[PDB]
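Chemist:
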Amino acid sequence: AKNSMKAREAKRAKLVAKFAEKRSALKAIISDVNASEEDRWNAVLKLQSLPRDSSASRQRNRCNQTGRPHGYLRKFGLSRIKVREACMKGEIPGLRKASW
Amino acid sequence: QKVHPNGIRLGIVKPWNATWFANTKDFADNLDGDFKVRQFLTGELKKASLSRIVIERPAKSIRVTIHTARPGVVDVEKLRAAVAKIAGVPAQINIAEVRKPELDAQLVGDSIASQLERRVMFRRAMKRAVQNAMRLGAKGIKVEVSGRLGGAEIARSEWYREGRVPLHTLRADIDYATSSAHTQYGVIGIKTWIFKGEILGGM
Amino acid sequence: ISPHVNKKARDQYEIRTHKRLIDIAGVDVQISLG
RNA sequence: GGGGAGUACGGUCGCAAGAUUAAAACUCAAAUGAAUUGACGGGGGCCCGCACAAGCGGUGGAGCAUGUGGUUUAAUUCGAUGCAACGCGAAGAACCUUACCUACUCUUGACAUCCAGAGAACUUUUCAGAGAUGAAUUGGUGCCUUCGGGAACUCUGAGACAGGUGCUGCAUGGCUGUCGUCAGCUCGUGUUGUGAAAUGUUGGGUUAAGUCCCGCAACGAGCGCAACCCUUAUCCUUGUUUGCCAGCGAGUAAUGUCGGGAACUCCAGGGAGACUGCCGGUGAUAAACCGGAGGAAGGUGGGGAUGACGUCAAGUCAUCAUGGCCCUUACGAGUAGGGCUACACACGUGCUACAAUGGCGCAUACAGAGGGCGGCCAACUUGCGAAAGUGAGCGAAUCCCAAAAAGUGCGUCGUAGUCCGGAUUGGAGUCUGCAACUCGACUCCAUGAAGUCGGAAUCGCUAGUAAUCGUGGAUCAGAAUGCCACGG
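Residue numbers (the deposited numbering), protein chains in the order written: chain D, 2 to 101; chain C, 3 to 76, 83 to 211; chain J, 53 to 76, 94 to 103.
1) Looking at chain D, which residues of the region 20–37 of chain C have a Cβ within less than 9 Å of any of its Cβ atoms?
2) Give a yes or no on whether the C-beta atoms belonging to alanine 137 (chain C) and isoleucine 120 (chain C) are separated by under 8 Å.
3) Under 8 Å, Cβ to Cβ, is there at least one residue of chain D near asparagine 102 (chain C)?
4) When DSSP builds the beta bridges, which residues end up paired with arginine 65 (chain C)?
5) If you drop the 5 nearest sequence neighbours on each side, which residues of the same chain put their C-beta closer than 8 Å to that of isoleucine 31 (chain D)?
6) Can you name the residues that DSSP bridges to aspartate 31 (chain C)?
7) Mind checking if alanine 94 (chain J) is an interface residue toward chain C, Cβ cutoff 8 Å exclusive?
8) Name the one or two DSSP bridge partners that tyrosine 168 (chain C) has.
9) Would you tell me roughly how many angstroms separate the C-alpha atoms of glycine 158 (chain C) and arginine 88 (chain C), rounded to the nearest one?
10) Does any CB atom of chain J fall closer than 8 Å to the CB of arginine 40 (chain C)?
11) Indicate whether at least one CB of chain J lies closer than 8 Å to the CB of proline 94 (chain D).
12) Relative to the C-alpha of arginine 143 (chain C), which residue among C:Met211, C:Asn25, C:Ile10, C:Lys108 is closest?
13) Can you check which of these residues, C:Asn19, C:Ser122, C:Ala146, C:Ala133, is closest to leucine 96 (chain D) by C-alpha distance?
14) Looking only at its chain, what residues have a beta carbon closer than 7 Å to the beta carbon of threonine 191 (chain C), apart from the 5 residues adjacent to it on each side?
15) Since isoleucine 198 (chain C) and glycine 148 (chain C) should fall inside the 8 Å C-beta cutoff, what is the C-beta to C-beta distance between them, to a whole number of angstroms?
16) So, helix, strand or coil for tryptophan 201 (chain C), using DSSP?
17) Any idea if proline 17 (chain C) is buried or exposed, counting beta-carbon neighbours within 10 angstroms, 16 or more meaning buried?
18) If you run the structure through DSSP and keep just helix, strand and coil, what is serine 100 (chain D)?
19) Which of the three DSSP states, helix, strand or coil, is assigned to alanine 14 (chain D)?
20) So the candidates are D:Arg63, D:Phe77, D:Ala87; which of them puts its Cα closest to the Cα of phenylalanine 29 (chain C)?
21) If the cut is a Cβ gap below 9 Å, which residues of chain C does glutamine 60 (chain D) touch?
22) Which residues does DSSP pair with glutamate 86 (chain D) in a beta bridge?
23) Cβ of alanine 185 (chain C) within 8 Å of Cβ of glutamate 206 (chain C)?
24) For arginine 53 (chain D) and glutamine 60 (chain D), what's the separation of their Cα atoms in angstroms?
Below, the structure is given as structure tokens:
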């Protein structure tokens, strides 16, 4: 990736751990069946104001050794390309080629 | 075209460079840790003849093994302390001598890589390696240097093979390694294969 | 397997996990006194 | 020397056609002979592949989905282009992603090292703004002690530097497609030839196979073939829970429910088995071939993995890396809203149809494989329903996803634009998310388009295959007609 595209995601990860409690709490008012409709609106209002990048939805899982946005695999944290190169070198434990 | 020699033989005759059980959560972190450790150790042990960093994780720790031609050059406290930092877990570091360091594909390529960065004849470097190996008792060896060779405007790929290198035989104990000589013309790849005899009986 | 396209070209890896129960680096022990 | 040219002019000869004698200017750096290696031939011989034939089901036609082109657009980022690009990179574009566009913003910078100085970090809470940011507002101000010190983080300043999904894949590495899992591709030594080279590697049989056997100026060897690996067929041995339940007794509305069992299914570690080994025939007593016995399995048992040397300056500088080039108050950086989803249309790949071997309602049966913690979500209640309350269990042979569907049983439709088909649209919602207008999925209600088996042409398939039927997974907040996989 571009170094900025990597940087954008560090920031996002920082901004999600920061506001998790607050966001989650707000959201858990825009919901509560036996809440107040008036207070419901105030919860909606505060969640418009929190940094957008504090939404976890706004994170794109990226390759840890490069920063490839596509082709990701969660188990490893790498793109296909890096998963493979790691596996072949014997650097992912347990993971070999498979036939059946 | 061709499968990775270490890849296909993992489990058959080729051990793993990483041995730790993780559940999915940890698995991807452990992997990123290992990369940082490797990237660090490699970047520090540039003039220590490094081949292979084996990263165990015995419970909540990280044991490294710098297999090296130069246990002397390896300092160790600083490495141990540095790894322990990156991993964030009480790290050990063990050392293993590569006894015959010219029958190690990684070093052999690293050698040729250095030599090509110092402006040596690619045929000279390639050929000396083949001979040293076949003398020290390689059952065979291939070396393929690929790039702008002697700074040619067109990239080509020359390779010399002596002995057997039976890549389709899985019981064959083949050591493979890519190196890269970075030069004024560009990158120059050094693939090295070294056949050290079929292992009957499995891993 | 390809850095770019070539979609039909593909490697398939597995991680098998073995699990043994005994009822009195790489192995994950989990003792359960019930 | 090759062209000029056996030509011009002159002479001679001829009825003529023309013959014969025979230049030059100019021009080119060759023209040429023989032989060698390849490639090619609408040359020959011999062989193989779902190559054709034989079949079976498709595409082409419809509506949708998806990709591409074209066009449009402020932008519709960039790449992939016969085979071998076109459901491809992308294993999942509302924002983010994002590379593009418009607008607002910043230049030692979003990101990095160095240096100096200041401030712990951080924490509220607030105004302005689309937001980035900027100015105000409180709490906290710890570590490590040389104690002007360690760190570390924050901020500002300095210039070195940073940054670039900018260009070059025709400078590269790495990776990949392709011939094709085709049976080839070569070397040493010896021999032959002035030599390029040849021989080996050809020839007689044979094989899936340069597979093997004989011949033979070749003798050996290497990379390929095969084997070694995974899986699947059957058996044994070790063990027995979270799986099992034969024989066991006791229950429950039913439950392997539960005592108990270790039998069996199964799970998983270790072994056994298939070798043309055996018999008969055939052939050169060769290789091998045809057939038979035993056997779960027969001649490579089935499937997978494994891709020789190279070919296409094939693909990828946008995964990454990298030579050079270029940009550095901008080709770097932040943000907000658009866009990649546009559409006169063309094509590629799909999905669903056109119906009775069917639809429809009801009743009832048999799977495999996989996934799951900010996850999978039982039960209950509520709702027509999406779901919502709400509440267990489960990091899993335990709990959950979870229902198999084709099938079978009995009705109904009565063969048509229908009890086919499902588009489109109106309306009412649920859910995810800061946010579903552009541009999500889902539900309900209604609406019920095209289509009545598809020209030329063309694609896939030789067996648990095709066809058909559901099922799971990655990516993933949400979004699968694609993809990977699983069984009937």
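Ideal Cβ positions, reconstructed from N, Cα and C, are used throughout, including at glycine.
Modeler: Here's the rundown:
1) Among the residues of the region 20–37 of chain C, those with a Cβ less than 9 Å away from any Cβ of chain D are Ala20, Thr21, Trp22, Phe23, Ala24, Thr26, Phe29, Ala30, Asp31, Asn32, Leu33, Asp34, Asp36, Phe37, in the order of the chain.
2) Between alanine 137 (chain C) and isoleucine 120 (chain C), the C-beta gap is smaller than 8 Å, which places the two residues in contact.
3) Taking Cβ atoms only, chain D never reaches closer than 8 Å to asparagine 102 (chain C), which makes this a no.
4) For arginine 65 (chain C), the beta-bridge partners assigned by DSSP are C:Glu58, C:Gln100.
5) Taken in chain order, the residues that qualify are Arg41, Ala44, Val45, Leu48.
6) The bridge partners DSSP lists for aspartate 31 (chain C) come to none.
7) True, the Cβ-Cβ gap to chain C drops below 8 Å.
8) The bridge partners DSSP lists for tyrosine 168 (chain C) are C:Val151.
9) For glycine 158 (chain C) and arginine 88 (chain C), the distance between alpha carbons rounds to 41 Å.
10) Between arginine 40 (chain C) and chain J, the shortest Cβ-Cβ separation is not below 8 Å.
11) Judged by the 8 Å Cβ criterion, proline 94 (chain D) is in contact with chain J.
12) Residue C:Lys108 is the option with its Cα nearest to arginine 143 (chain C).
13) Of the residues C:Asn19, C:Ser122, C:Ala146, C:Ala133, the one whose Cα lies closest to the Cα of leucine 96 (chain D) is C:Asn19.
14) Excluding residues within five positions, the ones whose Cβ falls inside 7 Å are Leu124, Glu125.
15) About 17 Å; that fails the 8 Å criterion.
16) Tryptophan 201 (chain C): strand per DSSP, three-state reduction.
17) If you draw a 10 Å sphere on the C-beta of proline 17 (chain C), you find fewer than 16 other C-beta atoms in it, and that means exposed.
18) In this structure, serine 100 (chain D) counts as coil in the three-state DSSP scheme.
19) Correct three-state label for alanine 14 (chain D): helix.
20) Considering only alpha carbons, the answer is D:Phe77.
21) Neighbours of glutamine 60 (chain D) on chain C: none; closest Cβ ~14 Å, over 9 Å.
22) In DSSP, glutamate 86 (chain D) forms no bridge with anything.
23) Between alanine 185 (chain C) and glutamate 206 (chain C), the C-beta spacing is not below 8 Å.
24) Those two C-alpha atoms are separated by around 11 Å.
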